[PDB]
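Peer 1: One structure, as structure tokens, below. Some questions next.
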Amino acid sequence: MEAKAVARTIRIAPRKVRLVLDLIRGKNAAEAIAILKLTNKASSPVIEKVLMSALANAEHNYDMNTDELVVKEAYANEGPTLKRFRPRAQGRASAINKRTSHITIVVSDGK
Amino acid sequence: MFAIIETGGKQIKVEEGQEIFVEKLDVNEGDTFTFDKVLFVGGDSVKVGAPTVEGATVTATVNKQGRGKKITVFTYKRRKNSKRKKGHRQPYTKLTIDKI
Amino acid sequence: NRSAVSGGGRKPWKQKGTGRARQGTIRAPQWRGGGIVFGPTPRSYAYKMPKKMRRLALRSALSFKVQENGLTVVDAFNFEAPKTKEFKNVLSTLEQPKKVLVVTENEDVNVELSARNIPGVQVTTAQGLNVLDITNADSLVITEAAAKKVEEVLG
Amino acid sequence: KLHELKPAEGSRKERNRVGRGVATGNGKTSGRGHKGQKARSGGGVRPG
Amino acid sequence: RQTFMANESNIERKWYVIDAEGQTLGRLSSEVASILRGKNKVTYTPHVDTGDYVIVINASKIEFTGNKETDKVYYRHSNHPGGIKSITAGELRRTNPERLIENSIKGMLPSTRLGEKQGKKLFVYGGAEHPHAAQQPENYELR
Amino acid sequence: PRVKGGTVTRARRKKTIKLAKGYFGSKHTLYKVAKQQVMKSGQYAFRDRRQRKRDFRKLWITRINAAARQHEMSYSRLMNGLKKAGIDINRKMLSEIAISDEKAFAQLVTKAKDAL
Amino acid sequence: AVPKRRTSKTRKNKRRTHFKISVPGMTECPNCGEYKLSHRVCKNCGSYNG
RNA sequence: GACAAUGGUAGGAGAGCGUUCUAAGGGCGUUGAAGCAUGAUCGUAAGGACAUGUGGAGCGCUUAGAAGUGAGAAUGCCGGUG
RNA sequence: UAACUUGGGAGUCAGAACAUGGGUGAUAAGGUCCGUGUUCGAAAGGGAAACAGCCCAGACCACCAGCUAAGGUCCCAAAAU
RNA sequence: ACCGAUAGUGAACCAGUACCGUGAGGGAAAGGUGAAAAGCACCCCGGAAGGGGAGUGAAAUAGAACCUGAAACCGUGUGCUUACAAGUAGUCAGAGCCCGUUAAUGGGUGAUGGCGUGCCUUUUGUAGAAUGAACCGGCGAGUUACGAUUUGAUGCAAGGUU
């Protein structure tokens, strides 16, 4: 079939996460662990979690071989933002957007 | 082997077994209509072209009678609050060509 | 309106020198939560017309029933106490359509009560004939006495 | 016949309702012309 | 309704060659821009190029009427401030005749993509020679 | 009563957003540029229906002229001879004789010369 | 200065063409078996062997 | 039939469309109402239907009546997002 | 084919260019102020390259029909090398 | 023939409250799971949050952020197309390629050719380098009362009317 995992309302701006997700999209899932494990970026650990969960949804509760698995569809959507404030000078105030993201990964076996 | 006829204020080049869309004739569905105004005939075997030709007039079926797609005529004047929208659907009849 | 909505009475910012539009109070029409510009006023709708036209209309409303077979005279009813069973039975044994106007001479107790539970039966007296309710119905039930009342009254 | 009701012919009109678009005729300036004293709300030389 | 339109599948293109000896620049350029643009075919359609492939030879033998040998300056600006350069039809009929001819004819074609692609149908050569022998160049003459 | 009408605004704004699909970028998404582009589109269409009768005319004349010059005639003298000979086909629109049946076009050219 | 005119979301995505980030440049460890980062020490199991 | 007219701002005149509620009439609706989305439908325009998904409980049609009755501009107001 | 009277409802009171008769200015001004006509205003279409006011001409709608007006006919660009 | 959550009281909800001000004083925002909490036992990934199953339920894309769920905006994939071109972004003509409808002179895309300087306001005159609007959605401007007049309609008519 096609297994998927989701991480809803992660506290990272989604267009910082799309950077990392544009690396693992379409890779043999045996690579994608190591790729996410070796890169500088910060959105990589909280995607390693989601990937390993979507791969532990393949062996368990379905029955798939987790060598035969490519990362078919990874992506990230916007969540609810936390709008804060930052005092500029002279009485001004500038809004801040602590944005979130929903990280969705779907691994398949090509069958 | 074609013929040039004139039906609705417009010449038309026609051959044997051709569909034509002409403006709204006065004939009904199915009943055959024979064009009398022929301006040219020829193509392959004869060549008669004249101020007009008496004979071999096109015998053609009257296949369908309907209304074309709706154009929406719109025109406006800028900075002057003056716009106008009409709709239009041009009636036509389609004929099949039997004989020349 | 602007006067009645609570608050207001302070200019939210200077007339000049801020980037924003010049605004008078927080309770103007366009402001969310503002006063309403025009709209519902507490008022009345009743008017009148000449008396002759009243009598003319109330006679048209009955000539229409006589044009049709809406009218059907009967005698004074008889009841000891109000009961809707016999009343519905009488109404059904007279080929009457659903809504009948039961016009009695004077106000009656043994008829109003046994009639006013039914869906479409309206009892009324010659003192209370209505252009609305003659035409609402399509079947009259008057008594042999109230009819003379109305012809003596109506012109 | 309380569901077929026709008033006399010529006895009722719509009210003119200005300020509802250019097609009605009285849309933008609502019949008042352009700038002036007779184009303001409440603005009008008193009678006589 | 019915009116013919030429396609990429429908169009055939012939080659022509024409001596410029004894010719005037403009009087040749007009009759050649017509052939390039392809409006002597019967199947002329505006949107596709039904034109032909024209070869011009003996471009060192064109003529100029009146005092154009020294007048009739060609100007061109390099887009640098003060970068305007000047030449004359005399100093170009002998120095680079196959650009004289090119400019004269290419100012006569419309300035669009189809016109840009139609201008490169023109192959201009001084002297009576040309490398386009494998094309079966047909011999045209003006009128 | 209070007429809090909000179902009709959306409906006509949809009907005008959907009349501009295929337009570059924001022109097919936002009501206030899509509406302007639909107005301009209707105006251009009104104008172009008039010009489409003027463009094909010049096209037909171009091609009839290209055909007649092969027989060594102008367009002008061809049409003069035609109008003078009585032979009065829709000679511009029927630039199809020149392509389809070329021998009949030689026919017409010879009649045109005979009228001179 | 201020932008005179907002950036169309086509020009935004054109400017963001080169904002992609590159692969880590990794290899397979000849001892760990798992992946290492070339010229670095295997985080997973042990030595560097160089 | 025949003939005439049919550019148009300020402005005058006329005929209509649609929303909300009411009266009367006559319907539809868990075998699926409004609403939303999709379409290549119908009318001269405002507009109307139909099929299809989603939705899960009210809605239309006829004739009249009554209006907080129609939004693209007010450095409008409020919210959301670029 | 209008004219007039009686009534209901108005908007308008910043006009412009060109041609012609003048004042003022310097026989300056796309100046300014009057008479006279037209066009724009409130007018789209063809021509004057583009160009409210110049020339032709007044759009009910549709047609891949014809005759023409100003203006044109070597190529751009329809039609006379 | 009143509102129905930007409406109706400022306040449908712990509202004269957060909050703002030395003070007098100003003052919001905030409703809706389901018929019934039956509010997700147990397993798996994970530090947890969050998920995927199994369940409850008529329905879980009804999971307490809980009816429907639009637009802006942000994404993922693909059918046509685009790296010699001077673009108020469209309209008319049109090859090619790709599909197949409220079945009708079909829908998508668009090589190339013609024409073409947004809208509103104010002006003699604005493509205007004059104004206004980032976008989207909701709210937002000739009304009511009592009098005068003029018109049409109706009832009577030297009477008419409360």
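Order determines the names: the first chain of the structure tokens is A, the second B, and so forth; residues in each chain are numbered 1 upward, and ligands are numbered 1 upward as they are shown.
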Run DSSP on the backbone and give me the residues of chain F it puts in alpha helix (DSSP H), as an MDAnalysis selection string.
Peer 2: chainID F and resid 7:17 31:68 75:85 102:115
Peer 1: Do me a favour and pick out the residues of chain F within 12 Å of chain G, using only C-alpha atoms, as a count of residues only.
Peer 2: 4
Peer 1: Would you mind telling me which residue in A:98, A:84, A:49, A:37 lies nearest to residue 36 (chain G) when using only C-alpha atoms?
Peer 2: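 Closest candidate: A:37.
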Peer 1: Interatomic distance between CA of residue 64 (chain B) and CA of residue 41 (chain B)?
Peer 2: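 Going from CA of residue 64 (chain B) over to CA of residue 41 (chain B) covers 25.7 Å.
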Peer 1: Distance limit 9 Å, atoms considered: only C-alpha atoms (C1' of nucleotides). Which chain I residues sit that close to chain B? Return them as a list in words.
Peer 2: residues 61, 62, 63, 65 and 66 of chain I
Peer 1: Hey, list the chain B side of the contact with chain D: 10 Å cut-off, only C-alpha atoms, answer as a list in words.
Peer 2: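 That gives the following set of residues: residues 80, 81, 82, 83 and 84 of chain B.
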Peer 1: List as a list in words the protein and nucleic acid residues near region 66-69 of chain H, meaning an atom at most 10 Å away when only C-alpha atoms (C1' of nucleotides) are counted, but skip any in the same chain fewer than 3 places from it.
Peer 2: residues 36, 37, 38, 39 and 40 of chain C; 1, 2, 3, 4 and 5 of chain F; 18, 19, 20, 21 and 22 of chain H; 1 of chain J
Peer 1: Store the residues picked out above in a file with N, CA, C and O atoms (P, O5', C5', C4', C3', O3' and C1' of nucleotides), as a PDB file, in the first residue's frame.
Peer 2:
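Saved file selection_39.pdb follows:
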ATOM      1  N   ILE C  36     -26.304  52.794  13.545  1.00  0.00           N
ATOM      2  CA  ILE C  36     -26.947  52.551  12.266  1.00  0.00           C
ATOM      3  C   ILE C  36     -27.438  53.870  11.688  1.00  0.00           C
ATOM      4  O   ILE C  36     -27.982  54.721  12.399  1.00  0.00           O
ATOM      5  N   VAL C  37     -27.248  54.048  10.383  1.00  0.00           N
ATOM      6  CA  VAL C  37     -27.480  55.350   9.770  1.00  0.00           C
ATOM      7  C   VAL C  37     -28.969  55.645   9.707  1.00  0.00           C
ATOM      8  O   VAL C  37     -29.457  56.562  10.377  1.00  0.00           O
ATOM      9  N   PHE C  38     -29.702  54.870   8.926  1.00  0.00           N
ATOM     10  CA  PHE C  38     -31.155  54.890   8.962  1.00  0.00           C
ATOM     11  C   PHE C  38     -31.609  53.498   9.371  1.00  0.00           C
ATOM     12  O   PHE C  38     -30.801  52.652   9.741  1.00  0.00           O
ATOM     13  N   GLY C  39     -32.904  53.250   9.302  1.00  0.00           N
ATOM     14  CA  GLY C  39     -33.385  51.916   9.538  1.00  0.00           C
ATOM     15  C   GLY C  39     -34.696  51.887  10.277  1.00  0.00           C
ATOM     16  O   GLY C  39     -35.497  52.821  10.215  1.00  0.00           O
ATOM     17  N   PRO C  40     -34.932  50.798  11.000  1.00  0.00           N
ATOM     18  CA  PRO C  40     -36.225  50.607  11.660  1.00  0.00           C
ATOM     19  C   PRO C  40     -36.476  51.666  12.717  1.00  0.00           C
ATOM     20  O   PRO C  40     -35.660  51.882  13.614  1.00  0.00           O
TER      21      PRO C  40
ATOM     22  N   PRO F   1     -37.411  44.163   8.214  1.00  0.00           N
ATOM     23  CA  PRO F   1     -36.486  43.045   8.385  1.00  0.00           C
ATOM     24  C   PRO F   1     -35.063  43.468   8.081  1.00  0.00           C
ATOM     25  O   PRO F   1     -34.867  44.540   7.527  1.00  0.00           O
ATOM     26  N   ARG F   2     -34.084  42.647   8.442  1.00  0.00           N
ATOM     27  CA  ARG F   2     -32.689  42.916   8.130  1.00  0.00           C
ATOM     28  C   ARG F   2     -32.234  41.964   7.042  1.00  0.00           C
ATOM     29  O   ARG F   2     -32.206  40.747   7.247  1.00  0.00           O
ATOM     30  N   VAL F   3     -31.872  42.517   5.895  1.00  0.00           N
ATOM     31  CA  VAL F   3     -31.442  41.731   4.749  1.00  0.00           C
ATOM     32  C   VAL F   3     -29.921  41.694   4.804  1.00  0.00           C
ATOM     33  O   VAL F   3     -29.236  42.508   4.191  1.00  0.00           O
ATOM     34  N   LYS F   4     -29.381  40.716   5.527  1.00  0.00           N
ATOM     35  CA  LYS F   4     -27.933  40.571   5.608  1.00  0.00           C
ATOM     36  C   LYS F   4     -27.398  39.790   4.416  1.00  0.00           C
ATOM     37  O   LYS F   4     -26.656  38.817   4.581  1.00  0.00           O
ATOM     38  N   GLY F   5     -27.748  40.228   3.214  1.00  0.00           N
ATOM     39  CA  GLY F   5     -27.394  39.525   2.001  1.00  0.00           C
ATOM     40  C   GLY F   5     -25.911  39.287   1.843  1.00  0.00           C
ATOM     41  O   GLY F   5     -25.123  40.235   1.829  1.00  0.00           O
TER      42      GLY F   5
ATOM     43  P     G H  18     -35.819  37.124 -10.400  1.00  0.00           P
ATOM     44  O5'   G H  18     -34.815  37.328  -9.192  1.00  0.00           O
ATOM     45  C5'   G H  18     -33.528  36.741  -9.227  1.00  0.00           C
ATOM     46  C4'   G H  18     -32.583  37.403  -8.264  1.00  0.00           C
ATOM     47  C3'   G H  18     -32.987  37.394  -6.804  1.00  0.00           C
ATOM     48  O3'   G H  18     -32.735  36.159  -6.162  1.00  0.00           O
ATOM     49  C1'   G H  18     -32.258  39.545  -7.395  1.00  0.00           C
ATOM     50  P     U H  19     -33.644  35.687  -4.928  1.00  0.00           P
ATOM     51  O5'   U H  19     -33.069  36.496  -3.693  1.00  0.00           O
ATOM     52  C5'   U H  19     -31.780  36.215  -3.174  1.00  0.00           C
ATOM     53  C4'   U H  19     -31.421  37.164  -2.062  1.00  0.00           C
ATOM     54  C3'   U H  19     -32.289  37.095  -0.819  1.00  0.00           C
ATOM     55  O3'   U H  19     -31.915  36.038   0.045  1.00  0.00           O
ATOM     56  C1'   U H  19     -31.979  39.352  -1.448  1.00  0.00           C
ATOM     57  P     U H  20     -33.035  35.142   0.758  1.00  0.00           P
ATOM     58  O5'   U H  20     -33.591  36.080   1.908  1.00  0.00           O
ATOM     59  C5'   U H  20     -32.779  36.437   3.013  1.00  0.00           C
ATOM     60  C4'   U H  20     -33.480  37.435   3.894  1.00  0.00           C
ATOM     61  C3'   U H  20     -34.908  37.083   4.271  1.00  0.00           C
ATOM     62  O3'   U H  20     -34.986  36.171   5.349  1.00  0.00           O
ATOM     63  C1'   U H  20     -34.831  39.308   3.520  1.00  0.00           C
ATOM     64  P     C H  21     -36.103  35.022   5.345  1.00  0.00           P
ATOM     65  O5'   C H  21     -37.388  35.744   5.933  1.00  0.00           O
ATOM     66  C5'   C H  21     -37.332  36.389   7.194  1.00  0.00           C
ATOM     67  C4'   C H  21     -38.433  37.399   7.352  1.00  0.00           C
ATOM     68  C3'   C H  21     -39.842  36.892   7.115  1.00  0.00           C
ATOM     69  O3'   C H  21     -40.375  36.213   8.233  1.00  0.00           O
ATOM     70  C1'   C H  21     -39.540  38.931   5.978  1.00  0.00           C
ATOM     71  P     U H  22     -41.619  35.218   8.058  1.00  0.00           P
ATOM     72  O5'   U H  22     -42.817  36.160   7.597  1.00  0.00           O
ATOM     73  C5'   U H  22     -43.545  36.941   8.531  1.00  0.00           C
ATOM     74  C4'   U H  22     -44.713  37.631   7.875  1.00  0.00           C
ATOM     75  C3'   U H  22     -45.802  36.729   7.325  1.00  0.00           C
ATOM     76  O3'   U H  22     -46.704  36.318   8.335  1.00  0.00           O
ATOM     77  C1'   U H  22     -45.276  38.424   5.753  1.00  0.00           C
TER      78        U H  22
ATOM     79  P     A J   1     -45.348  41.883  13.203  1.00  0.00           P
ATOM     80  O5'   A J   1     -44.600  40.802  12.310  1.00  0.00           O
ATOM     81  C5'   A J   1     -43.216  40.921  12.030  1.00  0.00           C
ATOM     82  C4'   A J   1     -42.943  40.920  10.548  1.00  0.00           C
ATOM     83  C3'   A J   1     -42.670  42.272   9.918  1.00  0.00           C
ATOM     84  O3'   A J   1     -41.334  42.693  10.096  1.00  0.00           O
ATOM     85  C1'   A J   1     -44.161  41.029   8.563  1.00  0.00           C
TER      86        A J   1
END
Peer 1: Could you tell me how far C1' of residue 77 (chain H) sits from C1' of residue 139 (chain J), in Å to one decimal place?
Peer 2: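 So the two atoms, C1' of residue 139 (chain J) and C1' of residue 77 (chain H), lie 7.7 Å apart.
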Peer 1: Excluding residue 26 (chain A) and any residue of its chain fewer than 5 positions from it, enumerate the residues within 9 Å of it, using only C-alpha atoms (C1' of nucleotides), and give them as a PyMOL selection string.
Peer 2: chain A and resi 70-74
Peer 1: Fewer than 5 positions away in the same chain doesn't count, so skip those; otherwise give me all residues within 12 Å of residue 35 (chain B), counting only C-alpha atoms (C1' of nucleotides), as a list in words.
Peer 2: residues 3, 4, 5, 6, 7, 8, 11, 12, 14, 22, 25, 27, 53, 54, 55, 56, 57, 58, 59, 60, 61, 62, 95, 97, 98, 99 and 100 of chain B
Peer 1: In Å, with one decimal, what is the gap from CA of residue 106 (chain E) to CA of residue 80 (chain E)?
Peer 2: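 Between CA of residue 106 (chain E) and CA of residue 80 (chain E) the gap is 24.8 Å.
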